[PDB]
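In structure tokens, the next block holds one chain alone, the form deposited in one PDB entry.
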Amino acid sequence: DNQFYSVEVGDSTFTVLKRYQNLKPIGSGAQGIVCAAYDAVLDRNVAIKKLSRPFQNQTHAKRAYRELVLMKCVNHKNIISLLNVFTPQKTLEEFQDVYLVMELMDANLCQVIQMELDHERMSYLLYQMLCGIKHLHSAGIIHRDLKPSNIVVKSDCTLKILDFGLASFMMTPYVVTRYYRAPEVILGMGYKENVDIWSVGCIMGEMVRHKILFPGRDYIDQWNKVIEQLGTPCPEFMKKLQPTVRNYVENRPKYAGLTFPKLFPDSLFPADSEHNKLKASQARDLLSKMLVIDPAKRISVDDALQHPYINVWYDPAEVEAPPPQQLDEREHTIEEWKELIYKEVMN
């Protein structure tokens, strides 16, 4: 009595439990391919993500295992919830693919970016974003890899962050995105919680300009786009850079960097009225507090959530609450990773 059936979607095959019906493509990325589907058991729509051979490389396998262990433990209204996990393969020897069933959303942030939002929507999206980051932080997790493709939303303006971020060489088709990586994390500097504020900043700025703030072919080219617009960091900051780095950085063409009002003119914001003009200045202020090269001066999540522009949706229940009560860290080989993932999936 088999409980699986296969269907073609995109240029790949999905083999799932019969409960999942009428699958339909909805995008793809690095971690894998995703589908939309109706779940007859729960009588609702779900998102089904297929991880093909997650154990193929160390990093890829650590990501899968981690996301899998944390997706069952944490449970915040802004973190994507895992509904079910399964593999069609029935023995460790044959074990190949893993399927994650999650709540279905209507679009990722890349799409939202392509459009304009009113101050009310934009601030709400940002509120939920920072709120999710605060929950992760209080659980000892610091993302460090927040980007628009990792965030999804629904029509009712609800938002959820997908993966849990970062914890070897790679040549796979997976892009080398790093446009959203904080400066300190780039120049090998150490980092802290507020390292995520920089990403939110890049994302917020991108939702306003509708363009990647810092387009960089390579981590070297990116640093330029950063300095050009934001200007060169203060000497003190440099004193904090490693010799090998402070050298390259301090010998890099200096820059004044365009002011914030210029970087985010009133034309990118609704200037309908005084209320909107006032809201546009408060957004600009928030951006100038998050897009700070030197983290020492960059605002924190708790402060960002109190910012006038965001404060509007504050709620002491969704912010200050008791976070969740197996955390690996040892490197393993492909084979060990495959059994670890398999045992996890099989429980």
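Rigid core: the largest C-alpha set superposing within 1.5 Å between the two forms. The first residue of the shown sequence is 1; numbering continues from there.
Note that the form deposited with a partner chain bound isn't included here; everything after this is about it.
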Candidate spot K62, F95 and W337, all three in 4.5 Å heavy atom range of its partner chain in the entry with it bound? no
Tell me which of 289-297, 43-51, 63-71, 311-319 has residues with heavy atoms within 4.5 angstroms of its partner chain in the entry with it bound? 311-319
As a check of understanding, the residue in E274, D218, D156, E236 with any heavy atom within 4.5 Å of its partner chain in the entry with it bound should be identified as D156
Ok, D266, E103, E120, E228: which has a heavy atom sitting within 4.5 Å of its partner chain in the entry with it bound? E120
Does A107 reach its partner chain in the entry with it bound, with heavy atoms at most 4.5 Å apart? yes
Using a 4.5 Å heavy atom cut-off, state whether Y179 contacts its partner chain in the entry with it bound. no
Residue-level question: is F214 within 4.5 Å of its partner chain in the entry with it bound, judged on heavy atoms? no
Considering non-hydrogen atoms and a 4.5 Å limit, does its partner chain approach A256 in the entry with it bound? no
Listed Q306, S28, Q282, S288; moving between this form and the one not shown by 2 Å or more at the CA after core fit is just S28
After a core superposition, would you say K72 shifts its C-alpha by at least 2 Å between this form and the one not shown? yes
Please determine whether the C-alpha atom of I220 is displaced by 2 Å or more between this form and the one not shown following superposition on the rigid core. no
Would the C-alpha of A256 be classed as shifted by 2 Å or more between this form and the one not shown after rigid-core alignment? no
Given that the CA-CA distance for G29 and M122 shifts by 3 Å or more in the entry with it bound, does it become closer or farther? farther
Between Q58 and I186, does the Cα distance in the entry with it bound come out closer or farther than in this form, changing by 3 Å or more? farther
